[PDB]
Every structure is written in structure tokens, then in C-alpha cells.
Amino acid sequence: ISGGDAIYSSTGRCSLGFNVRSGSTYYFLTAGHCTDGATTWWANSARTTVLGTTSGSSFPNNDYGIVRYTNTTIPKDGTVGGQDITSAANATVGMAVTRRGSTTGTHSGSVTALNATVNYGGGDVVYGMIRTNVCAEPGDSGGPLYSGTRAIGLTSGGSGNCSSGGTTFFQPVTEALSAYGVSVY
């Protein structure tokens, strides 16, 4: 399983962000709004292949979460689909980026703004977001935003769709890596 692949909780489906680790402990990052209120995660809709259990969740304000792998046999590739990821970096205005999600697959675009505030309503406000002109749709939450072999962010939300075009906001991955003391590989 790798970045962009589907992940299922008891409530719905999101996408895996990046596979990360600390020492010899493996986890995966995804969106905080996906980990919020979720305990167990499965690799399939049938819920027959377990992945692991939620170890941390930060949403709203931020939008990241981390899941500790409990499945010992499933391959945990340090890639996004076929793409190798070797490091993480900070987004910059004008940066060419690519997102992969379990619903829409792979789409590209550019970073159009930094430190954006997104109000999802009902007091669910997230800050410090990366704004882009990349589209995304339901099911793509938590998927990776990368640039070549560099990990950049996690899909949070936005407007529009892939047919008409849209605006998607991402949580900077550097912040999540620091919070949990993990790193990509």
C-alpha cells in the first residue's frame, strides 16, 4: 500500500498520505478530519484487511492524523503510487505540485498561496494551509501532495471538482512530521 491508496474507517473512505516511520515503528499520515473519531483502519471496503489504529489526530486548527500499522505482512511502500519519495520540503508560491487520491487519481497544478485560513463552518477552522489550483473530490482527503521526490502536503479540502477545475487546500507535511517525530522513507 502506498500514498494515494484508499483507506477505510468505520465511517467512510479517505486516502493514505505518506508512509512514515520512527525507529522501527511504521505509521501512515492522513487527514486529521479522517482520523477524528476513527479507531481502526482497513485496506478494503469489505474491512477484511486491517492496516492499523489511529495514534494521533489534529483537527480542526491543523489537519493531520497518524495511524500506527498493526498489519505485519502488508507492504508499506515509501512511494506515492509508483513515485519514490525521498524527502520532505516546504511549499513555495509557484511550485509545481502533484496530488494523488483514491477517487480522482493523479492531478497536477501549482501552489498559489501560503498560510491560508479555511473555514469549514461550525467552528471547524484550519490555519496555515497551502492553497493550490489542483482539483480534488470526496475520497481524496488525506492523499499526498508531492513535487518530484519531495513530500509537500496532505489533502484537506476545497471547492470545485476535477471536471470544471477547482481550488484545493493542503496541510503542510513538515508540520506533521515534526509533531510526531517521524520521517518519510
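When you see a residue number, it is the position in the sequence shown, counting from 1.
With 166-174 and 6-14 compared on mean CA B-factor from the PDB entry, the stretch scoring higher is 6-14. For the segment pair 86-94 and 99-107, the entry gives 86-94 the higher mean B-factor, averaged over Cα atoms. The entry lists C-alpha B-factors for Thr35, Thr49, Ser147, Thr132, and the highest of these is at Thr49.
Between the residues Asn44, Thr54, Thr30, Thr117, it is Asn44 that shows the highest Cα B-factor in the PDB record. Residue-level temperature factors show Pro60 in the middle third of its chain, judged at the C-alpha atom. Ranked by Cα temperature factor within the chain, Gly123 sits in the highest third according to the deposited record.
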